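Enquirer: sequence and experimental coordinates follow.
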Amino acid sequence: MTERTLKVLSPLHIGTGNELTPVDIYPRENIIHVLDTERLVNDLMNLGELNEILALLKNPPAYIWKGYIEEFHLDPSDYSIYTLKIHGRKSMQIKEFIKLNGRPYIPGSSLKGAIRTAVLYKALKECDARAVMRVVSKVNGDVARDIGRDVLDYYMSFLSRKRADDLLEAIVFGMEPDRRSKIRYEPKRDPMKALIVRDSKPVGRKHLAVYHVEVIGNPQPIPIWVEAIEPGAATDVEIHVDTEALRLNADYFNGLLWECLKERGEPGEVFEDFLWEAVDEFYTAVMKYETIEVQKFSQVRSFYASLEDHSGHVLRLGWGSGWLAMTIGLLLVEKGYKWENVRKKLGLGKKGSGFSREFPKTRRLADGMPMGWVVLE
RNA sequence: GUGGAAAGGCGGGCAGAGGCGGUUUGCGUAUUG
């Protein structure tokens, strides 16, 4: 297949590491507006200075620093998003979406990193009796992975910026020759270098709006303002596997993922079929796991029961996907105390350690919708 | 009322042929002051 289009079922924020200060914004109505400082500042000179360089650096009481253009001028906006929520007293930092010409698209590095989490989950399920024969070749540390006994039961005690997944990515994707440690990752040995995803077509201005993300898990909830693609927008993305790049590397790949493909048939032929069966088994499993916790908001469960009977492949993206959806640690729930000492080793809570709500405490949902759901087919 | 007189060290010759700046890594998560 080529040009496998998608749709959007919840708010979806792909960050760019940038926020809109209140000098960029003046909401005249329930609609909001993104003013053009470079053009507006250079357009407010004809009527005259050094006052703009003094007032913007001062940041006084925002509202008046954007409504002072209303005196003898008006109508200087760029994008003019919608607020779509009962907020905005400016006092906000709207996190902006990634845009190529002021037009929102989905980056392909972000949809590949979600498939890579789904594919990593499938490799650690099926592959401890076969995980030693992978590291039997030029690693010599599989005896430690055999005496502990499913390499996960060793890695909880093996650990006991952050390079925590360094060995686990080197077992499922790329066995190296040697290192100062036991093994390391080699980018030249990877089936995922044959997985080609591309940036999608740009979404559109009509489907972009500001949101009001409330954080739930504490008695005092906090709001975060953010912009995200509204649910119901459908764009098209093309994903294909280059099978010719796997035929050349039939002897050079050394990993547990390659030892999941030689059992479904020809390993350069079933990798694209293994790929989506890994998607609908990581993300349906994190979909069912969130029906256990009812701390959110009621209506959240009526979204999750409606995610079933929906054709296509369902997966998370973006910013509101929690620790449960960007991490192997869905599989590390069934350990309990084997992961309880290690979750405090890294540490989590700050400003000692969170005892009973260590990992799953935060839920970031926009307008009562669990954000970040995109369904391919 | 000179061991002198005259006599180009030079005519021809591409530092050339082959070679991907490359492979993996989701602007995000954690909690409060």
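Expert: Looks like it came in fine. Numbering: from 1, shown residues only, chains lettered A, B, ... in the order given.
Enquirer: grab the nearest non-local neighbour of residue A:169.
Expert: Leaving aside its chain neighbours, residue A:169 sits nearest to residue A:185 (5.5 Å; criterion: CB to CB, 6 or more residues apart in numbering). Placement of C-beta: from N, CA and C, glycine included.
Enquirer: gap between that neighbour and residue A:257?
Expert: Distance, residue A:185 to residue A:257, by CB to CB, to the nearest Å: 13 Å.
Enquirer: between those two, which contacts overlap?
Expert: Listed as contacting both residue A:185 and residue A:257 by CB atoms under 8 Å, 6 or more residues apart in numbering are residue A:173.
Enquirer: and the two? which has more neighbours close in?
Expert: Per other CB atoms under 10 Å, whichever of residue A:185 and residue A:257 has more neighbours is residue A:257, with 24 against 20.
Enquirer: now do the helix or strand that residue A:16 is a member of: which elements does it pack against?
Expert: For residue A:16, the element it lies in under DSSP states H and E is strand A:15-20. Packing contacts for strand A:15-20, counted by 3 or more CB pairs under 8 Å, 6 or more residues apart in numbering; DSSP states H and E, involve strand A:94-97.
Enquirer: tell me where chain A has strands.
Expert: Ranges of strands within chain A are A:4-8, A:15-20, A:94-97, A:195-197, A:208-216, A:222-229, A:236-237, A:239-241, A:313-316, A:363-366, A:369-370, A:373-376, based on DSSP state E.
Enquirer: before we move on, back to that, strand partners (parallel or antiparallel) of the strand holding residue A:16?
Expert: Next to strand A:15-20 in the sheet, as set by DSSP bridges, lie strand A:94-97 (antiparallel).
Enquirer: residues in contact with the most centrally placed residue in chain A?
Expert: Closest to where the C-alpha atoms of chain A average out (CA atoms, centre = their mean) is residue A:318, at 3.8 Å. Counting by CB under 8 Å, 6+ apart, residue A:318 makes contact with A:12, A:13, A:14, A:110, A:228, A:371, A:372, A:374.
Enquirer: which of those residues are buried? Put it as a ChimeraX command.
Expert: A single ChimeraX command selects the buried members of these (16 or more other CB atoms under 10 Å):
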select /A:12,13,14,228,371,372,374
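Enquirer: circling back to that earlier point, out of the strands of chain A, the one nearest RNA strand B is which?
Expert: Closest approach to RNA strand B among these (CB to the nearest atom of the strand): strand A:15-20, 1.5 Å.
Enquirer: contacts for that closest one next, please.
Expert: Contacts of strand A:15-20 (CB under 8 Å, 6+ apart): A:34, A:93, A:94, A:95, A:96, A:97, A:98, A:99, A:319.
Enquirer: please name the nearest non-neighbouring residue to the fifth one.
Expert: The one in question is residue A:96. Per CB to CB, 6+ apart, closest to residue A:96 is residue A:18, 5.3 Å.
Enquirer: likewise for the second one?
Expert: Leaving out its chain neighbours, the residue that sits closest to residue A:93 by CB to CB, 6+ apart is residue A:19, at 4.0 Å.
Enquirer: got it, and residue A:82?
Expert: residue A:209 (4.2 Å).
Enquirer: I figured the one you found was touching residue A:227, is that so?
Expert: Yes. Applying CB atoms under 8 Å, one finds residue A:209 in contact with residue A:227, separated by 6.7 Å.
Enquirer: overlap in contacts, these two.
Expert: Both residue A:209 and residue A:227 are in contact with residue A:81, where contact means CB under 8 Å, 6+ apart.
Enquirer: more neighbours: those two, which one.
Expert: The neighbour count for residue A:209 versus residue A:227, taken as other CB under 10 Å, is higher for residue A:227 (24 against 19).
Enquirer: gap between the two ends of stretch A:258-266?
Expert: 11 Å (CA to CA, to the nearest Å).
Enquirer: which parts of it are buried?
Expert: A:258, A:259, A:260, A:261.
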